[PDB]
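A single chain, nothing else alongside it, follows as structure tokens in the form deposited without the named molecule.
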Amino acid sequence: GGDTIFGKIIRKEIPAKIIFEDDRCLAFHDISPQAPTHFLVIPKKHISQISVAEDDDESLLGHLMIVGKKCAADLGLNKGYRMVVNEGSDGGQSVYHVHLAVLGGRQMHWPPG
């Protein structure tokens, strides 16, 4: 599932602290957390960036958000959280494998970067 570090994590070739898995996505704690809770939800399908997502993957993208919601509740983020998808260089995208970041456990500020 792709030649990025996230592909390696999906294939279990390198470790990550996994929070949830199903047949089509994986959620795991970020190695460089920016909040007391900071995790990622990624599709197993290697979509490199949201700008190239296909119409057919619309429900998969929504699935990432529902999994993110559920994981956030399981991790006790009852006061709220921020979900982020970065695209390209201006977006600060650090890995070319689509990922939904979920941050909470502190006040998130505005602007969001």
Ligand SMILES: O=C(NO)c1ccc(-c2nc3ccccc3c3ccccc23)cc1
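Residue indices: 1-based, along the sequence shown.
Below, we refer to the form solved in complex with the named molecule, which is not included among the displayed structures.
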Q.
So the named molecule isn't shown here. In the entry with it bound, which residue out of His63, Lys70, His29, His46 has a non-hydrogen atom within 4.5 Å of it?
A. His29
Q. Does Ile9 make contact with the named molecule in the entry with it bound, using a 4.5 Å heavy atom cut-off?
A. yes
Q: Give a yes/no on whether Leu40 approaches the named molecule to within 4.5 Å in the entry with it bound, heavy atoms considered.
A: yes
